[PDB]
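Trainee: Before I ask anything, let me first share the structure, which is written out below as structure tokens.
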Amino acid sequence: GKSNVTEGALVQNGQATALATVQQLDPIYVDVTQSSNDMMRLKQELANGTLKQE
Amino acid sequence: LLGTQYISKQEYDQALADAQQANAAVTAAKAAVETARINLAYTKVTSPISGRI
């Protein structure tokens with residue numbers, strides 16, 4: 001990514017702001033927000049039943 | 001003394017170590033001076049960058 005710091009700017013060890021941001025985009029993660037009560041029925045149903053899965 | 005009598009190759013080696021050993025300490029302190037100096041003349045100017053202040 002970008003540089004949290006330009007050259008010459010002082011830094012400390014393990015300091016608060018990391019300097020640059022490495023990243024790996026080949027894979028990626030998607031956090032799916034789920035309604036608490038929802039997923040209940042999910043297993044609630046998936047044993048309910050029925051429901052199913054793959 | 002080497003090749004001469006008293007040298008006792010072991011003993012000369014003993015000092016030569018001490019040579020070897022001491023000078024290492026020499027290198028040690030020199031850094032100590034160094035660390036300090038870079039901690040003394042460290043101050044201050046400046047952000048290796050040369051620019052409008």
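Methodologically, a virtual Cβ is constructed for each residue, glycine included, from the backbone with ideal geometry; neighbour enumeration extends over all protein chains shown. Here, each number is a calculation from the coordinates, and none is a lab measurement.
Trainee: For segment A:20-39, state whether one or more residues are under 30 Å from B:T46 (Cα atoms), assigned to a loop (DSSP other than H, G, I, E, B) and away from chain B (no Cβ under 14 Å).
Mentor: The answer is yes; a qualifying residue exists.
Trainee: Under 6 Å between Cβ atoms, which residue pairs at least 6 apart in sequence (or on different chains) link something in segment A:40-54 that is on the phi < 0 side of the Ramachandran plot with a partner that is charged (D, E, K, R) and in a helix (DSSP H, G or I)?
Mentor: A:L51/A:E45
Trainee: Could you please find all residues in segment A:2-19 being among the aliphatic types (A, V, I, L, M) and either within 14 Å of another protein chain (Cβ to nearest Cβ) or surrounded by 10 or more Cβ atoms within 10 Å (Cβ to Cβ) (or both)?
Mentor: Scanning segment A:2-19 gives A:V5, A:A9, A:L10, A:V11, A:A18, A:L19.
Trainee: Considering only segment A:1-19, how many residues are within 26 Å of B:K44 (Cα to Cα) and in contact with a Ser or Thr (Cβ under 7 Å, 6 or more places away or on another chain)?
Mentor: 4
Trainee: Ok, one more. Spot the failing condition for A:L46; the list is (1) within 30 Å of B:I49 (Cβ to Cβ); (2) surrounded by 10 or more Cβ atoms within 10 Å (Cβ to Cβ); (3) among the aliphatic types (A, V, I, L, M), and only one is missed.
Mentor: Unmet for A:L46, out of (1) within 30 Å of B:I49 (Cβ to Cβ); (2) surrounded by 10 or more Cβ atoms within 10 Å (Cβ to Cβ); (3) among the aliphatic types (A, V, I, L, M): (1).
Trainee: A further question on this structure: Among what's in segment B:39-53 and is under 27 Å from the mean Cα position of the chain (by Cα) and assigned to a loop (DSSP other than H, G, I, E, B), pick the residue that is farthest from the other protein chains (Cβ to nearest Cβ).
Mentor: For segment B:39-53, the residue satisfying everything is B:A41.
Trainee: Do we have A:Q44 as away from chain B (no Cβ under 14 Å), in a helix (DSSP H, G or I) and either polar (S, T, N, Q) or within 30 Å of B:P48 (Cβ to Cβ) (or both) here?
Mentor: yes
Trainee: Here is a further query. Given (1) over 30 Å from A:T6 (Cα atoms); (2) of a type in the set (A, V, I, L, M, F, W, C); (3) loosely packed, with under 10 Cβ neighbours inside 10 Å, where does B:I53 come up short, assuming only one miss?
Mentor: (1)
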